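Shown here: my_file_5.csv, CSV, C-alpha atoms.
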chain,number,residue,atom,x,y,z
A,63,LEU,CA,-75.4,-175.2,-77.3
A,64,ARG,CA,-74.2,-174.0,-74.0
A,65,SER,CA,-71.3,-172.0,-72.5
A,66,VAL,CA,-68.6,-174.3,-71.2
A,67,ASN,CA,-68.1,-173.2,-67.5
A,68,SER,CA,-64.3,-172.9,-67.8
A,69,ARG,CA,-63.8,-170.2,-65.1
A,70,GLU,CA,-60.7,-169.2,-67.2
A,71,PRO,CA,-61.5,-165.4,-67.7
A,72,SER,CA,-61.3,-164.0,-71.2
A,73,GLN,CA,-61.0,-160.4,-72.2
A,74,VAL,CA,-63.2,-159.4,-75.0
A,75,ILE,CA,-64.1,-156.2,-76.9
A,76,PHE,CA,-67.5,-156.0,-78.5
A,77,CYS,CA,-66.9,-154.0,-81.6
A,78,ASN,CA,-70.1,-152.8,-83.4
A,79,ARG,CA,-69.4,-152.5,-87.1
A,80,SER,CA,-73.1,-152.4,-88.1
A,81,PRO,CA,-75.6,-149.6,-88.5
A,82,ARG,CA,-77.9,-151.5,-86.1
A,83,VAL,CA,-78.2,-151.2,-82.3
A,84,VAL,CA,-76.5,-154.5,-81.4
A,85,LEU,CA,-77.9,-156.8,-78.6
A,86,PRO,CA,-75.3,-159.3,-77.3
A,87,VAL,CA,-76.7,-162.6,-76.2
A,88,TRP,CA,-74.8,-165.0,-73.9
A,89,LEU,CA,-75.8,-168.7,-73.9
A,90,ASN,CA,-75.6,-169.6,-70.2
A,91,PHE,CA,-74.6,-173.1,-68.9
A,92,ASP,CA,-78.0,-174.6,-69.6
A,93,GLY,CA,-78.2,-173.1,-73.1
A,94,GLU,CA,-80.8,-170.4,-72.3
A,95,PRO,CA,-80.1,-167.0,-73.9
A,96,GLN,CA,-79.1,-164.2,-71.6
A,97,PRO,CA,-79.4,-160.6,-72.9
A,98,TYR,CA,-76.5,-158.2,-72.3
A,99,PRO,CA,-76.9,-154.4,-72.6
A,100,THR,CA,-76.8,-152.9,-76.1
A,101,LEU,CA,-74.1,-151.3,-78.1
A,102,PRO,CA,-75.1,-148.3,-80.2
A,103,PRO,CA,-73.8,-148.5,-83.8
A,104,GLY,CA,-70.1,-147.9,-84.1
A,105,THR,CA,-69.5,-148.0,-80.4
A,106,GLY,CA,-67.4,-150.6,-78.6
A,107,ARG,CA,-67.4,-152.2,-75.2
A,108,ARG,CA,-64.5,-154.1,-73.5
A,109,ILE,CA,-66.2,-156.9,-71.6
A,110,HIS,CA,-65.2,-159.8,-69.3
A,111,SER,CA,-66.1,-163.3,-70.2
A,112,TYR,CA,-64.5,-166.8,-70.2
A,113,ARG,CA,-62.9,-169.3,-72.5
A,114,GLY,CA,-65.6,-171.6,-73.9
A,115,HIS,CA,-68.6,-169.3,-73.5
A,116,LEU,CA,-71.2,-168.8,-76.2
A,117,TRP,CA,-72.1,-165.4,-77.7
A,118,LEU,CA,-74.4,-164.4,-80.5
A,119,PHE,CA,-75.7,-160.9,-81.5
A,120,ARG,CA,-78.8,-159.5,-83.1
A,121,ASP,CA,-80.3,-156.2,-84.2
A,122,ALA,CA,-81.8,-155.2,-80.9
A,123,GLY,CA,-85.2,-154.0,-82.2
A,124,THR,CA,-86.0,-156.6,-84.7
A,125,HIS,CA,-83.7,-159.5,-83.7
A,126,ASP,CA,-82.3,-159.6,-87.2
A,127,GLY,CA,-79.3,-161.9,-87.2
A,128,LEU,CA,-75.8,-160.3,-87.3
A,129,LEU,CA,-72.4,-161.8,-87.8
A,130,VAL,CA,-69.6,-161.9,-85.3
A,131,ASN,CA,-66.2,-162.4,-87.0
A,132,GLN,CA,-68.4,-163.8,-89.8
A,134,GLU,CA,-72.1,-166.5,-86.4
A,135,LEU,CA,-71.1,-167.9,-83.0
A,136,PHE,CA,-68.4,-166.1,-81.0
A,137,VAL,CA,-66.4,-168.1,-78.4
A,138,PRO,CA,-63.8,-166.2,-76.3
A,139,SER,CA,-60.6,-168.2,-76.6
A,140,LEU,CA,-57.3,-167.7,-74.7
A,141,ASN,CA,-55.9,-164.2,-74.7
A,146,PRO,CA,-57.9,-159.2,-75.3
A,147,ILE,CA,-60.1,-160.8,-78.1
A,148,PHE,CA,-62.1,-158.9,-80.7
A,149,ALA,CA,-65.7,-159.7,-81.6
A,150,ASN,CA,-66.4,-157.9,-84.9
A,151,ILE,CA,-70.1,-157.5,-85.3
A,152,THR,CA,-71.1,-156.9,-88.9
A,153,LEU,CA,-74.1,-156.8,-91.2
A,154,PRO,CA,-74.4,-160.1,-93.1
A,155,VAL,CA,-75.3,-160.0,-96.8
A,156,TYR,CA,-78.9,-160.8,-96.2
A,157,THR,CA,-81.0,-162.3,-99.0
A,158,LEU,CA,-83.0,-159.6,-101.0
A,159,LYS,CA,-86.2,-161.3,-99.7
A,160,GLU,CA,-85.3,-161.1,-96.0
A,161,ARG,CA,-84.0,-157.6,-96.5
A,162,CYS,CA,-87.4,-156.6,-97.9
A,163,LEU,CA,-89.1,-158.4,-95.1
A,164,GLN,CA,-87.0,-156.3,-92.9
A,165,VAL,CA,-88.0,-153.0,-94.5
A,166,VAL,CA,-91.7,-153.9,-94.7
A,167,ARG,CA,-91.8,-155.2,-91.1
A,168,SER,CA,-90.5,-151.9,-90.0
A,169,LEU,CA,-93.0,-149.7,-91.8
A,170,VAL,CA,-96.2,-151.7,-91.1
A,171,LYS,CA,-97.6,-152.8,-87.7
A,172,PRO,CA,-98.6,-156.4,-87.6
A,178,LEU,CA,-101.8,-155.7,-97.2
A,179,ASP,CA,-101.4,-156.6,-101.0
A,180,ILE,CA,-99.2,-159.6,-101.5
A,181,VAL,CA,-99.6,-163.4,-101.8
A,182,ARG,CA,-100.6,-165.5,-98.8
A,183,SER,CA,-97.2,-167.1,-98.6
A,184,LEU,CA,-95.6,-163.7,-98.0
A,185,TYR,CA,-98.1,-162.8,-95.2
A,186,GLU,CA,-96.5,-165.8,-93.3
A,187,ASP,CA,-93.0,-164.8,-94.2
A,188,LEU,CA,-93.6,-161.3,-92.7
A,189,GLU,CA,-95.0,-162.9,-89.6
A,190,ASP,CA,-92.2,-165.4,-89.2
A,191,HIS,CA,-90.1,-162.9,-87.2
A,192,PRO,CA,-86.4,-163.6,-86.7
A,193,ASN,CA,-86.2,-165.3,-83.3
A,194,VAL,CA,-83.3,-166.2,-81.1
A,195,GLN,CA,-85.0,-169.4,-79.7
A,196,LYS,CA,-85.6,-170.2,-83.3
A,197,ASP,CA,-82.1,-169.8,-84.8
A,198,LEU,CA,-80.7,-171.7,-81.8
A,199,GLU,CA,-82.2,-175.1,-82.8
A,200,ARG,CA,-80.7,-174.6,-86.2
B,1,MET,CA,-60.3,-148.7,-106.5
B,2,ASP,CA,-63.4,-150.1,-108.3
B,3,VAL,CA,-66.1,-147.7,-109.2
B,4,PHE,CA,-69.6,-149.1,-109.9
B,5,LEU,CA,-71.6,-147.6,-112.8
B,6,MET,CA,-74.9,-147.7,-114.6
B,7,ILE,CA,-74.2,-146.8,-118.2
B,8,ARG,CA,-77.5,-145.5,-119.6
B,9,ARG,CA,-79.0,-144.4,-122.9
B,10,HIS,CA,-82.6,-144.5,-124.0
B,11,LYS,CA,-84.0,-147.6,-122.4
B,12,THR,CA,-80.6,-149.3,-122.1
B,13,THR,CA,-78.7,-149.6,-118.9
B,14,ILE,CA,-75.5,-151.5,-118.5
B,15,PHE,CA,-74.2,-152.3,-114.9
B,16,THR,CA,-70.5,-152.5,-114.8
B,17,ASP,CA,-67.4,-151.6,-112.8
B,18,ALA,CA,-64.1,-150.0,-113.6
B,19,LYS,CA,-61.1,-148.8,-111.8
B,20,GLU,CA,-61.0,-145.2,-110.7
B,21,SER,CA,-57.6,-145.0,-112.6
B,22,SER,CA,-59.2,-146.2,-115.9
B,23,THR,CA,-60.2,-143.8,-118.6
B,24,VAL,CA,-63.3,-142.6,-120.3
B,25,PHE,CA,-61.9,-144.0,-123.6
B,26,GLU,CA,-61.3,-147.3,-121.8
B,27,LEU,CA,-64.9,-147.3,-120.6
B,28,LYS,CA,-66.1,-146.6,-124.2
B,29,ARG,CA,-64.1,-149.8,-125.0
B,30,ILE,CA,-66.3,-151.7,-122.4
B,31,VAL,CA,-69.4,-150.3,-124.1
B,32,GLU,CA,-68.2,-151.5,-127.4
B,33,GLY,CA,-67.7,-155.1,-126.1
B,34,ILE,CA,-71.4,-155.0,-125.0
B,35,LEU,CA,-73.4,-152.8,-127.2
B,36,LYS,CA,-71.1,-153.4,-130.3
B,37,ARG,CA,-70.5,-149.8,-131.3
B,38,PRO,CA,-66.9,-148.4,-131.6
B,39,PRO,CA,-65.9,-145.6,-129.2
B,40,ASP,CA,-65.8,-142.9,-131.9
B,41,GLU,CA,-69.5,-143.4,-132.3
B,42,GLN,CA,-70.0,-143.1,-128.5
B,43,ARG,CA,-70.2,-140.0,-126.3
B,44,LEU,CA,-70.0,-140.2,-122.5
B,45,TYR,CA,-71.5,-137.8,-120.0
B,46,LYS,CA,-71.6,-137.1,-116.2
B,47,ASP,CA,-74.9,-135.4,-116.2
B,48,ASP,CA,-74.8,-132.9,-119.0
B,49,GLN,CA,-71.1,-132.7,-119.2
B,50,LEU,CA,-69.3,-134.3,-122.2
B,51,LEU,CA,-66.4,-136.4,-120.9
B,52,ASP,CA,-62.9,-136.5,-122.5
B,53,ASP,CA,-61.4,-139.8,-123.6
B,54,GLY,CA,-58.1,-139.0,-121.9
B,55,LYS,CA,-59.4,-138.2,-118.4
B,56,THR,CA,-59.7,-140.7,-115.6
B,57,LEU,CA,-63.1,-141.7,-114.2
B,58,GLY,CA,-61.8,-140.3,-110.8
B,59,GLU,CA,-60.9,-136.9,-112.3
B,60,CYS,CA,-64.5,-137.0,-113.6
B,61,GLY,CA,-65.8,-137.5,-110.1
B,62,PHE,CA,-66.5,-141.3,-110.2
B,63,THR,CA,-64.9,-142.2,-106.9
B,64,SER,CA,-64.9,-145.6,-105.1
B,65,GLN,CA,-66.9,-143.9,-102.4
B,66,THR,CA,-69.6,-142.2,-104.5
B,67,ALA,CA,-69.8,-144.9,-107.2
B,68,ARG,CA,-70.8,-147.8,-104.9
B,69,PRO,CA,-72.0,-151.4,-105.6
B,70,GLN,CA,-75.4,-151.0,-104.0
B,71,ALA,CA,-75.7,-147.4,-105.3
B,72,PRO,CA,-73.8,-147.0,-108.6
B,73,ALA,CA,-73.0,-143.8,-110.4
B,74,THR,CA,-74.7,-143.0,-113.7
B,75,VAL,CA,-72.8,-142.4,-117.0
B,76,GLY,CA,-74.8,-141.0,-119.9
B,77,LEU,CA,-74.4,-142.7,-123.3
B,78,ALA,CA,-75.0,-141.0,-126.7
B,79,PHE,CA,-74.6,-142.7,-130.1
B,80,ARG,CA,-73.9,-141.4,-133.6
B,84,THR,CA,-73.8,-137.3,-136.8
B,85,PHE,CA,-74.3,-137.6,-133.0
B,86,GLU,CA,-77.7,-137.8,-131.3
B,87,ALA,CA,-78.6,-135.8,-128.2
B,88,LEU,CA,-78.3,-137.4,-124.8
B,89,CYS,CA,-81.5,-139.3,-124.0
B,90,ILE,CA,-82.2,-141.5,-120.9
B,91,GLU,CA,-85.7,-142.7,-120.3
B,92,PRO,CA,-86.6,-142.6,-116.6
B,93,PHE,CA,-87.5,-145.7,-114.7
B,94,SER,CA,-91.2,-146.4,-113.9
B,95,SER,CA,-92.6,-144.6,-111.0
B,96,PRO,CA,-93.7,-146.5,-107.9
B,97,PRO,CA,-97.3,-146.7,-106.7
B,98,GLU,CA,-98.5,-144.6,-103.7
B,99,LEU,CA,-97.7,-145.8,-100.1
B,100,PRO,CA,-100.6,-147.8,-98.5
C,17,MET,CA,-70.1,-162.0,-120.9
C,18,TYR,CA,-73.4,-160.4,-120.1
C,19,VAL,CA,-77.2,-161.0,-120.3
C,20,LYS,CA,-80.1,-158.7,-120.9
C,21,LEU,CA,-82.9,-158.6,-118.3
C,22,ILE,CA,-85.9,-156.7,-119.6
C,23,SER,CA,-88.4,-155.2,-117.3
C,24,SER,CA,-92.1,-155.0,-117.7
C,25,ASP,CA,-91.9,-151.5,-119.2
C,26,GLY,CA,-89.3,-152.2,-121.8
C,27,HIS,CA,-86.2,-151.0,-119.9
C,28,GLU,CA,-83.2,-153.3,-120.9
C,29,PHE,CA,-80.8,-154.1,-118.0
C,30,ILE,CA,-77.5,-155.6,-119.2
C,31,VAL,CA,-75.5,-157.2,-116.4
C,32,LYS,CA,-72.7,-159.7,-116.1
C,33,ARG,CA,-73.7,-163.3,-116.6
C,34,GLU,CA,-72.2,-164.4,-113.2
C,35,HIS,CA,-74.2,-161.6,-111.4
C,36,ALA,CA,-77.4,-162.8,-112.9
C,37,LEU,CA,-76.7,-166.4,-112.2
C,38,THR,CA,-76.9,-165.7,-108.4
C,39,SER,CA,-80.7,-166.0,-109.0
C,40,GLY,CA,-81.6,-169.6,-109.6
C,41,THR,CA,-84.8,-168.6,-111.3
C,42,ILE,CA,-82.8,-166.5,-113.8
C,43,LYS,CA,-80.4,-169.4,-114.5
C,44,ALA,CA,-83.5,-171.5,-115.5
C,45,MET,CA,-84.9,-168.6,-117.6
C,46,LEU,CA,-81.6,-168.4,-119.4
C,47,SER,CA,-81.4,-172.3,-119.9
C,58,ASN,CA,-79.8,-165.3,-123.4
C,59,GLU,CA,-82.3,-162.6,-122.8
C,60,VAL,CA,-84.9,-162.8,-120.0
C,61,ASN,CA,-88.2,-161.0,-120.1
C,62,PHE,CA,-89.9,-160.0,-116.9
C,63,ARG,CA,-93.6,-159.3,-117.4
C,64,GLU,CA,-94.4,-158.6,-113.8
C,65,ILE,CA,-91.3,-156.5,-112.8
C,66,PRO,CA,-91.2,-152.8,-113.7
C,67,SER,CA,-87.9,-151.0,-114.2
C,68,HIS,CA,-87.8,-149.3,-110.9
C,69,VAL,CA,-87.9,-152.7,-109.3
C,70,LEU,CA,-85.5,-154.4,-111.7
C,71,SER,CA,-82.8,-151.8,-111.4
C,72,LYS,CA,-82.7,-152.4,-107.6
C,73,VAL,CA,-82.4,-156.2,-108.3
C,74,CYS,CA,-79.4,-155.5,-110.5
C,75,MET,CA,-77.9,-153.2,-107.9
C,76,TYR,CA,-78.4,-156.0,-105.4
C,77,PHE,CA,-76.5,-158.5,-107.6
C,78,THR,CA,-73.5,-156.2,-107.6
C,79,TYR,CA,-73.8,-155.5,-103.8
C,80,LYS,CA,-74.1,-159.2,-103.1
C,81,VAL,CA,-71.2,-160.3,-105.3
C,82,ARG,CA,-68.8,-157.6,-103.9
C,83,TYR,CA,-69.5,-158.2,-100.2
C,84,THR,CA,-70.0,-162.0,-100.0
C,88,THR,CA,-64.2,-155.7,-94.2
C,89,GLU,CA,-67.5,-154.1,-93.1
C,90,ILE,CA,-70.7,-154.5,-95.0
C,91,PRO,CA,-73.0,-151.6,-95.6
C,92,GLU,CA,-76.7,-151.7,-95.4
C,93,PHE,CA,-78.4,-152.4,-98.7
C,94,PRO,CA,-80.9,-149.5,-99.1
C,95,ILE,CA,-84.6,-150.0,-100.0
C,96,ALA,CA,-86.9,-147.0,-100.3
C,97,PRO,CA,-90.3,-147.4,-98.8
C,98,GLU,CA,-92.4,-146.9,-102.0
C,99,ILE,CA,-90.5,-149.8,-103.8
C,100,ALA,CA,-90.4,-152.1,-100.8
C,101,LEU,CA,-93.5,-154.2,-101.5
C,102,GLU,CA,-92.9,-154.7,-105.2
C,103,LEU,CA,-89.2,-155.5,-104.6
C,104,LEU,CA,-90.4,-158.0,-102.0
C,105,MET,CA,-92.6,-159.8,-104.6
C,106,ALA,CA,-89.8,-159.7,-107.2
C,107,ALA,CA,-87.3,-161.1,-104.6
C,108,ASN,CA,-89.8,-163.7,-103.6
C,109,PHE,CA,-90.4,-164.9,-107.2
C,110,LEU,CA,-86.7,-165.0,-108.2
C,111,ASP,CA,-85.7,-166.3,-104.8
C,112,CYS,CA,-82.8,-163.8,-104.7
Represent the structure contained in this file as structure tokens.
Amino acid sequence: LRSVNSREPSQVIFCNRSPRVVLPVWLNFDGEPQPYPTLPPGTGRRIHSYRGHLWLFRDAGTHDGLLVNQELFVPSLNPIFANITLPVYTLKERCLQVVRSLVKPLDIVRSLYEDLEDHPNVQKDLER
Amino acid sequence: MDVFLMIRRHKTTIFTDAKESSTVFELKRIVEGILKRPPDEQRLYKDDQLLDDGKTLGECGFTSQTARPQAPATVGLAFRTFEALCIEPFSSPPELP
Amino acid sequence: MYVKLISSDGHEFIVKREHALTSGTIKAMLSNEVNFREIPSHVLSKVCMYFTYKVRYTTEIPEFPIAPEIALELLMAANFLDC
């Protein structure tokens, strides 16, 4: 997974249709994730990228996974609209989310202690 | 527009949707398909307010934007002489750790 | 076509078959009432709300709300049912 160094510019608008502070993540030419500055919820940002580049986005406080035009966004030839939405999380993950966010890293099974500690991670999702 | 409702009575709670254009009486028809009781033995409420068979759910304040999938509006159900409106509350959560 | 999901405290939640079948656990417990000995009604109403929310949105999606006091229990419920 790496941006394709096309040098063909590509005009993109980062539209934030989620109640989360979005963190855009560009996958540079070696596949490493590069963090761009964040979009408050409901705010947009016209941005300059290139055909064949690799973008993903996360909640920027918890790294929860968001959708862009419903997982990986590649600017194609022209501007282009990257619509960043909440996914329909599982009920389990959604509860992991709420719990995570109210307790610093309790009365639940041992298998759930691990789930709560298996934070969403960008390096993690990438291998997938 | 679809409205999402919990229809509630005693310890019974149906989750269903209807159109905002559809009628109280038409909702009573839905109850009949489920709880097998004909509409004339049914009364429908929005809070304490008896609802009229002819009025639309929207008129009655069940709007697509208030009656939501993840947060559905409540419609009181009374059976029949007619009982009073009774809805048993849900259990109460423990205290926060 | 509907099913009855009964909570630990007697409350009887009647929801469309297809909504309940989302849960793989419930599909087994139907193969049509299902009794939930460890799930109280304030947890099982949320589960039912989640079914509707999940079926409608699977535009822009809204956050599924979860109050703090019900968060732990709902987590166990979600964990058991896999929903």
- Task: Take the point (-79.4, -170.4, -69.3) as written in the file and pick out every residue within 12 Å of it, counting only C-alpha atoms; give the list as a PyMOL selection string.
- Result: chain A and resi 63-67+87-97+115-116+195
Serialized selection, C-alpha atoms, as a PDB file, keeping the file's coordinate frame:
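Below you can see again17.pdb, which holds the result:
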ATOM      1  CA  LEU A  63     -75.400-175.200 -77.300  1.00  0.00           C
ATOM      2  CA  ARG A  64     -74.200-174.000 -74.000  1.00  0.00           C
ATOM      3  CA  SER A  65     -71.300-172.000 -72.500  1.00  0.00           C
ATOM      4  CA  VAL A  66     -68.600-174.300 -71.200  1.00  0.00           C
ATOM      5  CA  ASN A  67     -68.100-173.200 -67.500  1.00  0.00           C
ATOM      6  CA  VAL A  87     -76.700-162.600 -76.200  1.00  0.00           C
ATOM      7  CA  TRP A  88     -74.800-165.000 -73.900  1.00  0.00           C
ATOM      8  CA  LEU A  89     -75.800-168.700 -73.900  1.00  0.00           C
ATOM      9  CA  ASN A  90     -75.600-169.600 -70.200  1.00  0.00           C
ATOM     10  CA  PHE A  91     -74.600-173.100 -68.900  1.00  0.00           C
ATOM     11  CA  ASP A  92     -78.000-174.600 -69.600  1.00  0.00           C
ATOM     12  CA  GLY A  93     -78.200-173.100 -73.100  1.00  0.00           C
ATOM     13  CA  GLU A  94     -80.800-170.400 -72.300  1.00  0.00           C
ATOM     14  CA  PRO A  95     -80.100-167.000 -73.900  1.00  0.00           C
ATOM     15  CA  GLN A  96     -79.100-164.200 -71.600  1.00  0.00           C
ATOM     16  CA  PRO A  97     -79.400-160.600 -72.900  1.00  0.00           C
ATOM     17  CA  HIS A 115     -68.600-169.300 -73.500  1.00  0.00           C
ATOM     18  CA  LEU A 116     -71.200-168.800 -76.200  1.00  0.00           C
ATOM     19  CA  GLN A 195     -85.000-169.400 -79.700  1.00  0.00           C
TER      20      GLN A 195
END
Kindly determine which residues of chain B lie within 8 Å of chain C, considering only C-alpha atoms, and give the answer as a PDB file with C-alpha atoms, in the coordinates of the input.
ATOM      1  CA  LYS B  11     -84.000-147.600-122.400  1.00  0.00           C
ATOM      2  CA  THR B  12     -80.600-149.300-122.100  1.00  0.00           C
ATOM      3  CA  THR B  13     -78.700-149.600-118.900  1.00  0.00           C
ATOM      4  CA  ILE B  14     -75.500-151.500-118.500  1.00  0.00           C
ATOM      5  CA  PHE B  15     -74.200-152.300-114.900  1.00  0.00           C
ATOM      6  CA  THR B  16     -70.500-152.500-114.800  1.00  0.00           C
ATOM      7  CA  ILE B  34     -71.400-155.000-125.000  1.00  0.00           C
ATOM      8  CA  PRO B  69     -72.000-151.400-105.600  1.00  0.00           C
ATOM      9  CA  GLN B  70     -75.400-151.000-104.000  1.00  0.00           C
ATOM     10  CA  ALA B  71     -75.700-147.400-105.300  1.00  0.00           C
ATOM     11  CA  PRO B  72     -73.800-147.000-108.600  1.00  0.00           C
ATOM     12  CA  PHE B  93     -87.500-145.700-114.700  1.00  0.00           C
ATOM     13  CA  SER B  94     -91.200-146.400-113.900  1.00  0.00           C
ATOM     14  CA  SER B  95     -92.600-144.600-111.000  1.00  0.00           C
ATOM     15  CA  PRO B  96     -93.700-146.500-107.900  1.00  0.00           C
ATOM     16  CA  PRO B  97     -97.300-146.700-106.700  1.00  0.00           C
ATOM     17  CA  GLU B  98     -98.500-144.600-103.700  1.00  0.00           C
ATOM     18  CA  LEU B  99     -97.700-145.800-100.100  1.00  0.00           C
TER      19      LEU B  99
END
- Message: Set the cut-off to 6 Å and count all atoms listed in the file: what are the residues of chain C that reach chain A? Output as number ranges by chain.
- Response: C: 90, 104, 107-108, 112
- Query: So how many Å separate atom CA of residue 20 of chain B and atom CA of residue 47 of chain B, to one decimal?
  - Reply: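 Atom CA of residue 47 of chain B lies 17.9 Å from atom CA of residue 20 of chain B.
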- Neighbours of residue 38 of chain B within 9 Å (all atoms listed in the file; same-chain residues fewer than 5 positions away dropped), as a ChimeraX atom specification? /B:28-29,31-33
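When atom CA of residue 138 of chain A is paired with atom CA of residue 76 of chain A, their separation reads 11.1 Å.
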- Task: Point out the residue among A:147, A:199, A:194, A:170 with the least atom-to-atom distance to chain B, counting all atoms listed in the file.
- Result: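 Nearest to chain B: A:170.
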- Message: With distances taken over all atoms listed in the file, which residue among B:100, B:24, B:61, B:79 lies nearest chain A?
- Response: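 Closest to chain A of all the choices is B:100.
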- Message: Using all atoms listed in the file, which protein or nucleic acid residues come within 9 Å of residue 78 of chain A? Drop anything in the same chain fewer than 6 positions from it, and give the result as a ChimeraX atom specification.
- Response: /A:84,101-107,149-152
- Task: Between atom CA of residue 52 of chain B and atom CA of residue 25 of chain B, measure the distance and give it in Å to one decimal.
- Result: 7.6 Å
